[PDB]
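Data first, discussion second: the structure below is written as structure tokens.
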Amino acid sequence: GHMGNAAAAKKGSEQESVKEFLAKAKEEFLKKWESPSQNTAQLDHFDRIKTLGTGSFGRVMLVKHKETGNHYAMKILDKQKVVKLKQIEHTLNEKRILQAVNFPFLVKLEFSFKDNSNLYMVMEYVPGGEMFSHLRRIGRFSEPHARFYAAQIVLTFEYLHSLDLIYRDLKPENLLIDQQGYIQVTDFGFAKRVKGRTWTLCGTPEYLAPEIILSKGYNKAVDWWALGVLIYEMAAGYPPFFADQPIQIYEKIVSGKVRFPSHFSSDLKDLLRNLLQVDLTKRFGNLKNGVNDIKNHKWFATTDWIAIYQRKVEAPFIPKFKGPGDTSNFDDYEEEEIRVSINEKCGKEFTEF
Amino acid sequence: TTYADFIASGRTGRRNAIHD
Ligand SMILES: O=S(=O)(c1cccc2cnccc12)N1CCCNCC1
């Protein structure tokens with residue numbers, strides 16, 4: 001067979017140990033999920049420094065805790081705008097997930113609170129910026145570099161899926177690089193805790209699985225499809241399906257055809273054909289062997305999964321770090337006031353926050 | 001080339017999700 005006795009026994013033991021880890025991780029998650037933390041700091045504990053990111057969601061600001069001097073990234077949402085955009089449930093769910101999960105590649109919520117006007121999630125500051133910026137600058141990542149990041153996503157999805165969390169928002173724009181070169185996943189607005197199927201059309205066109213496009217009920221296999229898109233884009237410098245307009249992108253996604261750069265290794269192409277598999281009965285991550293079809297694939301043969309989890313692998317790339325509070329890996333944005341009204345807005349809606 | 005096609009797509013910058 002492919003493995004002799006010693007290798008087979010080692011792999012089996014490793015796979016059983018994953019099960020044991022995940023069982024304990026679920027117990028811990030469920031305790032925090034059922035009794036979320038609330039109101040663990042306040043706005044005047046922090047100095048506002050600079051805007052790190054802005055969007056329809058709101059803003060993320062670099063802040064400094066006045067006592068410790070520790071920097072954090074503070075996501076600020078205007079309660080009235082959340083209501084207007086019909087994002088109450090997503091916003092509550094994002095905070096609930098973040099305060100309940102615990103994994104080395106998931107950003108940590110250090111504090112959260114609210115005031116008359118806004119909701120605040122204070123997360124660890126991840127100073128390396130978005131993978132997106134580094135990928136577009138460098139052009140593409142070597143296969144070992146892409147593999148290092150991919151392995152972290154595989155472990156992160158193995159963890160999330162064991163909690164019945166589908167992620168649904170994977171793309172380089174949503175992956176940050178920390179000071180040690182490891183990945184941090186931060187955005188949980190599209191994540192959903194659901195054991196079976198779900199139906200919402202959400203995500204980013206290039207990363208949508210065919211079954212989402214085709215308005216099917218779908219499951220956690222969409223995250224494994226998205227991993228295939230991510231690995232492809234990391235290694236090629238462009239995604240597998242693109243076009244001028246989303247409608248065209250969707251046609252390519254559902255077609256069952258993907259083409260690869262000539263520099264892709266055969267191992268990479270085989271993995272990607274099995275992740276970018278339109279037929280759900282054939283897609284890796286969705287078969288009887290589960291995540292093991294991915295972790296045991298030849299493209300990952302050099303990956304020491306425990307060493308990645310323990311963060312003992314030397315990262316292939318370390319972002320420039322001039323010091324605490326350095327924001328040079330993020331873009332510059334027009335700075336807007338943080339208005340706090342004298343009157344409480346949308347109190348009932350956000351009781352759980 | 002595929003790279004040139006990517007640049008021509010106009011989708012080389014940050015990509016919005018569907019709801020945005
Ligand atoms: O970089 S963020 O502003 C950001 C969010 C959360 C925690 C962060 C921690 N450090 C820096 C930036 C952070 N960002 C906003 C949405 C776009 N996707 C990437 C996350």
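As shown in the structure tokens, the chain order sets the letters A, B, ...; within each chain, residues go from 1, and ligands are also counted from 1 in the order they appear.
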*What's the 10 Å shell around residue B:16, counting only C-alpha atoms, without same-chain residues fewer than 5 positions away, as a ChimeraX atom specification?*
/A:55-56,173,203-205
Writing out the chosen residues with N, CA and C atoms as a PDB file, in the first residue's frame:
```
ATOM      1  N   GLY A  55     -15.633  50.446   5.376  1.00  0.00           N
ATOM      2  CA  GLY A  55     -16.511  49.723   4.478  1.00  0.00           C
ATOM      3  C   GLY A  55     -17.944  49.979   4.864  1.00  0.00           C
ATOM      4  N   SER A  56     -18.847  49.287   4.172  1.00  0.00           N
ATOM      5  CA  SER A  56     -20.256  49.390   4.519  1.00  0.00           C
ATOM      6  C   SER A  56     -20.493  48.943   5.952  1.00  0.00           C
ATOM      7  N   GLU A 173      -8.402  39.289   0.804  1.00  0.00           N
ATOM      8  CA  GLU A 173      -8.783  40.535   1.454  1.00  0.00           C
ATOM      9  C   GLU A 173      -9.188  40.329   2.901  1.00  0.00           C
ATOM     10  N   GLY A 203     -21.271  36.023  -0.268  1.00  0.00           N
ATOM     11  CA  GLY A 203     -19.877  35.771  -0.535  1.00  0.00           C
ATOM     12  C   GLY A 203     -19.382  36.717  -1.596  1.00  0.00           C
ATOM     13  N   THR A 204     -18.252  36.374  -2.190  1.00  0.00           N
ATOM     14  CA  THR A 204     -17.614  37.207  -3.175  1.00  0.00           C
ATOM     15  C   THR A 204     -17.571  36.435  -4.490  1.00  0.00           C
ATOM     16  N   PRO A 205     -17.905  37.057  -5.623  1.00  0.00           N
ATOM     17  CA  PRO A 205     -18.140  36.274  -6.849  1.00  0.00           C
ATOM     18  C   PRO A 205     -17.060  35.250  -7.167  1.00  0.00           C
TER      19      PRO A 205
END
```
What are the nearest atom pairs, with distances in Å to one decimal, for all residues of chain A that come at most 7 Å from ligand 1, using only C-alpha atoms and all ligand atoms, set out by chain and rising residue number as CSV?
```
residue,atom,partner,partner_atom_place_in_ligand_line,distance
A:52,CA,ligand 1,3 (O),5.1
A:53,CA,ligand 1,3 (O),3.9
A:54,CA,ligand 1,3 (O),6.7
A:60,CA,ligand 1,3 (O),4.7
A:72,CA,ligand 1,10 (N),7.0
A:73,CA,ligand 1,9 (C),4.7
A:75,CA,ligand 1,6 (C),6.6
A:107,CA,ligand 1,7 (C),6.8
A:123,CA,ligand 1,7 (C),5.6
A:124,CA,ligand 1,9 (C),5.7
A:125,CA,ligand 1,10 (N),3.7
A:126,CA,ligand 1,10 (N),3.7
A:127,CA,ligand 1,11 (C),5.8
A:129,CA,ligand 1,1 (O),6.3
A:130,CA,ligand 1,19 (C),6.3
A:173,CA,ligand 1,18 (N),5.3
A:174,CA,ligand 1,18 (N),3.9
A:175,CA,ligand 1,19 (C),6.0
A:176,CA,ligand 1,19 (C),6.5
A:186,CA,ligand 1,6 (C),5.0
A:187,CA,ligand 1,20 (C),6.2
```
*Kindly provide, as a PyMOL selection string, the residues of chain B having any atom no farther than 6 Å from an atom of chain A, counting only C-alpha atoms.*
chain B and resi 9+17-18
Expected file contents, prior selection, C-alpha atoms, as a PDB file, in the first residue's frame:
```
ATOM      1  CA  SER B   9     -11.008  42.210 -16.181  1.00  0.00           C
ATOM      2  CA  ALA B  17     -19.033  40.768  -1.332  1.00  0.00           C
ATOM      3  CA  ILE B  18     -22.425  40.426  -3.029  1.00  0.00           C
TER       4      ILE B  18
END
```
*Tell me, as a VMD selection string, which residues lie within 12 Å of residue A:307, counting only C-alpha atoms; anything in the same chain fewer than 6 positions away does not count.*
chain A and resid 148 151 to 152 155 313 to 315
_Long-range neighbours of residue A:300 as number ranges by chain, 9 Å cut-off, only C-alpha atoms, 4 positions minimum in chain_ = A: 147, 151, 267, 294-296, 304
Restrict the selected residues to C-alpha atoms and save them as a PDB file, in the first residue's frame.
```pdb
ATOM      1  CA  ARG A 147       1.153  25.864   1.250  1.00  0.00           C
ATOM      2  CA  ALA A 151      -2.301  24.629   5.895  1.00  0.00           C
ATOM      3  CA  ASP A 267       0.448  17.724  -7.100  1.00  0.00           C
ATOM      4  CA  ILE A 294      -6.992  17.208   2.000  1.00  0.00           C
ATOM      5  CA  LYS A 295      -4.484  16.857   4.831  1.00  0.00           C
ATOM      6  CA  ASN A 296      -3.137  13.595   3.393  1.00  0.00           C
ATOM      7  CA  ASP A 304       3.790  19.026   9.713  1.00  0.00           C
TER       8      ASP A 304
END
```
_Point-to-point distance from atom CA of residue A:100 to atom CA of residue A:184, Å rounded to tenths_ = 15.9 Å
*Give me, please, the distance in Å between atom CA of residue A:41 and atom CA of residue A:70, quoted to one decimal.*
13.8 Å
_strand (DSSP E or B) per DSSP on the backbone: members of stretch 30-250 of chain A, as number ranges by chain_ = A: 46-54, 59-65, 71-78, 106, 109-114, 118-124, 130, 165-166, 175-177, 183-185, 192-193, 198, 218
*Within 6 Å of residue A:128, counting only C-alpha atoms, which residues qualify if same-chain residues fewer than 5 places away don't, as an NGL selection string?*
:A and (177-178 or 319 or 329)
*Determine the nearest neighbour of residue A:110 from the options A:38, A:143, A:298, A:149, counting only C-alpha atoms.*
A:38
*Step one, run DSSP on the backbone; step two, keep only residues of stretch 69-284 of chain A assigned to helix (DSSP H, G or I); then write them as number ranges by chain.*
A: 79-84, 88-100, 131-138, 143-162, 172-174, 205-207, 210-213, 221-236, 246-254, 266-275, 280-282
*Would you list the contacts of residue A:46 as a VMD selection string, taking every protein, DNA or RNA residue within 8 Å and counting only C-alpha atoms, but skipping same-chain residues closer than 3 positions in sequence?*
chain A and resid 42 to 43 63 to 66
*Neighbours of residue A:89 within 10 Å (only C-alpha atoms; same-chain residues fewer than 3 positions away dropped), as JSON, numbers by chain?*
{"A": [82, 83, 86, 92, 93, 94, 189, 349, 350]}
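You will find atom CA of residue A:1 at 23.3 Å from atom CA of residue A:283.
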